[PDB]
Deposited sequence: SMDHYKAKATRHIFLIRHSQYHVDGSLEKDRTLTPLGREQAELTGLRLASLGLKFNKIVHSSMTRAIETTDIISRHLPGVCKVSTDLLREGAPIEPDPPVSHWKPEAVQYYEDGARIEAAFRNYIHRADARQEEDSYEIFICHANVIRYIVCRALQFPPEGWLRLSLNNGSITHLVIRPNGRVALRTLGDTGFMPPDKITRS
């Protein structure tokens, strides 16, 4: 649950991990989805469209993998606005500096997108965020008031759907985590 949180209606937060991608592309623009990754994103779009929900917004990382996952999923959700954000990117001892930076960035995403309620919300909301495993796991554990170690102990599939429900008083329920039940096992990957 969440301290100092007050929103006007319930929020349904769907956190989608980007699909399988070419980790070894030289430049960020080369780090596109794999053919399997494109099929994963089709399955995720099919699933989301099948829920009978009107989504308010798709917010997505500006990394190539997340833009492409979004391009595919959005075809299934005609009329839903898309917002690109650099805040949901991952940055380029190296390890410690990178973790320090990533910590700040994932907390920033939490505060900006999850803890921050919109004063202009007028009904229950259904919000899609397409991004990466660190920020998704972190948001889940942060929202549920789990320990700082905790997010590293989750492991989420490519194209997976995580559903958090946030009540106006800040009560949080995790309805599903890392759901790829809608994908055949021969399409399921972690990277």
Could you give the ranges of the deposited sequence that carry no C-alpha coordinates?
93 to 103
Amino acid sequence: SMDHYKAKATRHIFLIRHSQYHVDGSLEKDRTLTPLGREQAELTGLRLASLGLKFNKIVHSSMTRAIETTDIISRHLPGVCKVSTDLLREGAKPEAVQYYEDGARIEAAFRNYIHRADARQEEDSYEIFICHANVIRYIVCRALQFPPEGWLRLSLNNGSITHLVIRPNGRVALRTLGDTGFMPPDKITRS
From here on, numbers count along this sequence of modelled residues.
Between 70 to 78 and 93 to 101, point out the one with the higher average CA B-factor as the PDB entry records it.
93 to 101
Highest mean C-alpha temperature factor of the two stretches 52 to 60 and 154 to 162, which is it?
52 to 60
Whose C-alpha has the highest temperature factor in the PDB entry: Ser125, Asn134, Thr34, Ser26?
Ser26
With respect to the C-alpha temperature factors reported in the PDB entry, which of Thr10, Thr176, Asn169, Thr180 ranks highest?
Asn169
For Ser191, the third of its chain into which the C-alpha B factor falls:
middle
